[PDB]
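Have a look below at one chain only, the form deposited in one PDB entry, in structure tokens format.
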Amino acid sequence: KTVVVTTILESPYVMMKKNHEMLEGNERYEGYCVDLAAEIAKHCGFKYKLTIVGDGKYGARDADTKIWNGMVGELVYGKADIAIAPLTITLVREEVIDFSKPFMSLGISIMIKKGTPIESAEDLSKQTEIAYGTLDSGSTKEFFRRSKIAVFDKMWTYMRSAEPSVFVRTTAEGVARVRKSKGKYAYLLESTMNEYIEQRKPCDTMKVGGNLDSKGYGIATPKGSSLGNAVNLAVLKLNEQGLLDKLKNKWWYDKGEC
């Protein structure tokens, strides 16, 4: 059977090709995860169909209904057979879905408009002139919501009650907000997205300070999926062949615009 793959439109993982309007199916997309999906499918021996997650979210569980949304939800409720995207491996998710060994490393980081007087998370917490927030329904927001570390705990207290809201629906929204806020808004996002954007015109943003944590993205399948085993071994093979590093350079630094 054709494997239904759920993914998300997030640069440079999955993007619509310039002339996508004249293309069909998987050919409409390009990006790191588009290339990865092709490789994984080749090694695991399956045909597939790329589908963009319906609600455009990564995945979080509603505290009241306990219902999962995003790509995680699509796997949990059987709408998709596998998720190939920058989906962060976390404990709460590992409890409802399966993850392959990580194919990419990352950590939460800070994105600022060049010139912004901020060098670290500690800096953001000690002031209020510069607003800062995170993405919604993702692992970064959860990180702050559950952090016991003084600095991060203080930051969350601020963000959760900030008005207007400092949270954004998509990474694109967060980046645009930083670029138009004349340095009055800093965005907390994964180092991977941060470093990609830093190399794209108008080259007005930059990553500052060290990462807040160390984790990784994994290919996810529904609990007990028969694809889990093969997918995991495929990720290990691709990493050892140097293919993952090749794809990283291809989409991040190769063709950089700055």
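Don't overthink the numbering: it's just position in the shown sequence, from 1. Rigid core (definition): largest C-alpha set, two forms, superposition within 1.5 Å.
Note that the form deposited in another entry isn't included here; everything after this is about it.
Q: Pick from 80, 188, 72, 85: whose Cα moves by 2 Å or more between the shown form and the other one, rigid core superposed?
A: Single hit from the list, 188.
Q: When the two forms are laid on each other by their rigid core, does residue 165 show a Cα shift of 2 Å or more between the shown form and the other one?
A: The answer is yes; the displacement is at least 2 Å.
Q: Relative to the superposed rigid core, does the CA atom of residue 99 travel 2 Å or more between the shown form and the other one?
A: For residue 99, whose C-alpha is compared between the shown form and the other one after core superposition, the shift is less than 2 Å.
Q: Taking the rigid core as reference, does the Cα of residue 232 move 2 Å or more between the shown form and the other one?
A: For residue 232, whose C-alpha is compared between the shown form and the other one after core superposition, the shift is less than 2 Å.
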